[PDB]
Each structure stands twice: as C-alpha cells, then as structure tokens.
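Chemist: fold the following for me, if possible:
(chains A and B)
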Amino acid sequence: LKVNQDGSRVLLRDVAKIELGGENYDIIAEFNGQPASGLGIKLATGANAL
Amino acid sequence: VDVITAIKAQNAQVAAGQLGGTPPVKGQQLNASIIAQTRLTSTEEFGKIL
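Modeler: Residues are numbered from 1 along each chain as shown, chains lettered A, B, ... in the order given. Have a look at this structure:
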C-alpha cells in the first residue's frame, strides 16, 4: 500500500485482517442447534415435484 | 465541463452502509440503515450547486 520514506514497506496486512469469510453475513442457519447451511430449492413452473 | 462535473458530484446517490451491520460485535443491540447523499429535489437545490 505504501513505501515509507524511511525504507519500511507498508503491506495490506499492516492495516487490515485478511481472511476467507463470506460475501454476506445476514443468513445464519442452524439444524437442531448445530451450525449448518442448506439449499431452499424451488420447483420450476409446470414441473413434476416427484 | 465544470458545470457537468459539479452537477454530477453534488447530485448523486451514495451507498453509505448500516449501523450494527453483520458481522456484528458480540453485544450489538441496535441495527439501523445509514442514509447519505441523495439526489436533489428542487430548482433551488440545483441553483445552490457550488
């Protein structure tokens, strides 16, 4: 991000935490109290559910 | 060109964010949407563009 006039080099980790998180944090899913995810599949119009 | 730039700068919608947005701290109690610069509404506002 910056090179200091002294000589030290400023990195992204020096001003922020870098991690693998999530695009969004709004939806949180639990199954019987355990952490979980899932898929709300919807049926296509005029399709056989079975 | 200056008029166009001033109009574009001072008449715009800016995404601001959200108070207490996810991911929140362990004790967050309030969640509110932040409102910021919005489009102008009247000829008076446009005339006041600097």
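Chemist: can you pull out the strands in chain B?
Modeler: B:17-19, B:32-34 (DSSP state E).
Chemist: just checking, what packs against the last one?
Modeler: Contacting strand B:32-34 under the criterion 3 or more C-beta pairs under 8 Å, 6 or more residues apart in numbering or on different chains; DSSP states H and E are the following elements: strand B:17-19. In short, each C-beta sits where N, CA and C put it, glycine included.
Chemist: do the first one as well
Modeler: Under the contact criterion of 3+ C-beta pairs under 8 Å, 6+ apart, the helices and strands touching strand B:17-19 comprise strand B:32-34.
Chemist: what are the contacting residues of the strand it packs on?
Modeler: B:16-20 (C-beta atoms under 8 Å, 6 or more residues apart in numbering or on different chains).
Chemist: how does it look with 6 Å?
Modeler: By C-beta atoms under 6 Å, 6 or more residues apart in numbering or on different chains, the surrounding residues in contact with strand B:32-34 are B:16-19.
Chemist: next one: it to chain centre, how far?
Modeler: Computed by C-alpha atoms, centre = their mean, to the nearest Å, the chain-centroid distance of strand B:32-34 equals 12 Å.
Chemist: do stretch B:33-45 as well
Modeler: On C-alpha atoms, centre = their mean, the centre of stretch B:33-45 falls 7 Å from the chain's centre.
Chemist: returning to what we had before: dump the strands of chain B to JSON lines, plus distance to residue A:43 and mean neighbour count.
Modeler: Listed next are the strands of chain B as JSON lines, based on distance: least, C-beta to C-beta, whole Å; neighbours: other C-beta atoms under 10 Å in any protein chain shown:
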{"stretch": "strand B:17-19", "distance to residue A:43": "34", "mean neighbour count": "11"}
{"stretch": "strand B:32-34", "distance to residue A:43": "34", "mean neighbour count": "9"}
